[PDB]
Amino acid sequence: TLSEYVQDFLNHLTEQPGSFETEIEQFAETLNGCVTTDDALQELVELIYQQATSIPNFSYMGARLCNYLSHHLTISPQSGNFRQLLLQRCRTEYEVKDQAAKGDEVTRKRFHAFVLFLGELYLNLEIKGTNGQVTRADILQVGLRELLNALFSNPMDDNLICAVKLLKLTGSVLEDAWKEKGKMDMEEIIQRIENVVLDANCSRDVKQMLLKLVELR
């Protein structure tokens, strides 16, 4: 089945991160021969999306794999390409982020995996722009800002640690994009972080991590 093939390959990348470069072409090639329906494309997207948002430490690999397949799969069905379906799928979970940042620490591990997968996707998913230049996904730029708002609004240590990671990852790229468009988001994020540090009952070391970000941005 497609799902056995894909899941085997994802397990393989998880166990052997080094094998991406030498096995990715064969993976794309095999998928090109077998992913021929809108349905099969949708299922491929779902399997990779699940691995990236479950499975710890699959953020970077997930996003790198997503970008690769978005450029190397030849199927372009009427209803959406890989890129397009992925981005749609991300909006689905992103819609429940206000609730996802509550719950309990174990349930939130999946939310954090989703947040960082989206951060890595934003950095690494290359889209040919309207002017033919490489651009980043807009819906991800917007989603990241809202995810940060959700994480700071529920200032439990593990939520704050997730926000710190996401901003170390994407913060300079975000800062640049907001400034090109004369937006004040980084200022607003900085005030949110300062209010956490002033008010929240989180750990001292997490507060100190937040303060280091205020120096840099």
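Residues carry their position along the shown sequence, with the first being 1.
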Query raised in the report: Looking at the deposited entry, does 106 to 114 or 88 to 96 carry the larger mean Cα B-factor?
Result: 88 to 96
Query raised in the report: Higher mean Cα B-factor in the deposited model: 36 to 44 or 149 to 157?
Result: 36 to 44
Query - From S70, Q191, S54, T30, residue of greatest CA B-factor - result: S54
Report task. Would you mind checking which of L169, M184, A163, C66 has the top Cα temperature factor in the PDB entry? Result -> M184
Report task. Comparing against every modelled residue in the chain, figure out the third that the C-alpha B-factor of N195 lands in (lowest, middle or highest). Result -> lowest
Query - Position of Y60 among the chain's modelled residues by C-alpha B-factor, lowest, middle or highest third - result: lowest
Requested in this report: Quick one: classify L125 as lowest, middle or highest third of the chain based on its Cα B-factor.
Outcome: lowest
Query raised in the report: How does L211 rank on Cα B-factor within its chain, lowest, middle or highest third?
Result: lowest
**Report entry** Assigned third (lowest, middle, highest) for the C-alpha B factor of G119
**Finding:** lowest
